[PDB]
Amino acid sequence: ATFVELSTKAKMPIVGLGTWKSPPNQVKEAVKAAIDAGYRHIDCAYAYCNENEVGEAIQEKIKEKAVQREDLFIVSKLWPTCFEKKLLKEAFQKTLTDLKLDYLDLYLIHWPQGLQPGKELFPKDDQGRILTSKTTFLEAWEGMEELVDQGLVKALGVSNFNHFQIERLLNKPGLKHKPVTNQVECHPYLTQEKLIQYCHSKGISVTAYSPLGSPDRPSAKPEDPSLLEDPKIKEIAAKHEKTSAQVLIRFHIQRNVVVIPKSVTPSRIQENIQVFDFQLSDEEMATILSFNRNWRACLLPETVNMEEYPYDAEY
């Protein structure tokens, strides 16, 4: 299907356009090319430093009458340096006014660990240690619930949360709006079977990020795992006359998981959403699921000892 039904009954387009690393100079035309290619969901974030330009694109396509606002599903996230309530309101406003929108369809806690407030996204002492803060995501959640009550955000969600962190949120006393999504890394080398089963059991959808392995991530060592070059994935793509990137995106669609490939190249943006005219067989899905390597593409070793570091839990 072309969407994943959320618990609120809102339909989240299953293929969205990722924007991390897209330069401010190139993201406006890339979002316009994606909307022309049928994309109706754009993943954004205050931390990506390009929301203003993404806003310019949406505003132009709505002004040109190519689509209405309700046809789109815009997602942004709250960076952990802004969990405190006063800072949360200021950050959300910066994200909403940069995007030039009346409301967001989905706002997510970006990472579960609160970081020191300030101008930097990664505050650090002199020895390179990333500075944390004690304000939790539960406190930040209350500020986010207010935005929903103010009609500025339709729904809330979390990102990079393990099941213990989602349980704390679902068990929060006085919880007013449940999370409708948990955005995490997911691809054939990190299949997330237990986390996806847990989220679906709670009525929480999952959005898979870095579906192509994030080849353009900072400091990627060329010898690390390459999903786009894996011959085993190329073989299955050839059986369907599709590319490896199209198989990597169709994989999530067949698990009822939203996926958000990133690209500032119009031909690839088109190629990445031409995944609705074929289906991976049951045997092909089992083979791809067997490629799991519990491999995450972008790690920060300085975050491993943090209190909310999310990767060492079972799921």
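One rule holds for the numbers: they count along the sequence shown, beginning at 1.
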**Prompt:** Averaged over C-alpha atoms, is the B-factor higher for 138-146 or for 151-159 in this PDB entry?
**Reply:** 138-146
**Asked** Quick one: higher average CA temperature factor, 11-19 or 296-304?
**Response** 296-304
**Request:** Would you mind finding, among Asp105, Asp102, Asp98, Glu241, the residue with the largest C-alpha temperature factor in the entry?
**Result:** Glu241
**Prompt:** Considering only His187, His110, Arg168, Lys89, which residue's Cα atom bears the greatest B-factor as recorded?
**Reply:** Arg168
**Fill in**
Here the Cα B-factor of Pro231, set against its chain, lands in the third termed highest
**Complete:** Assert third(CA B-factor, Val67) within chain per record equals middle
**Request:** Looking at the entry's B-factor column for C-alpha atoms only, identify whether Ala57 ranks in the lowest, middle or highest third of its chain.
**Result:** lowest
**Request:** Within this chain's modelled residues, let me know which third the CA B factor of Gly213 belongs to: lowest, middle or highest.
**Result:** lowest
**Message:** Could you place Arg129 in the lowest, middle or highest third of its chain by Cα temperature factor, using the values in the record?
**Reply:** highest
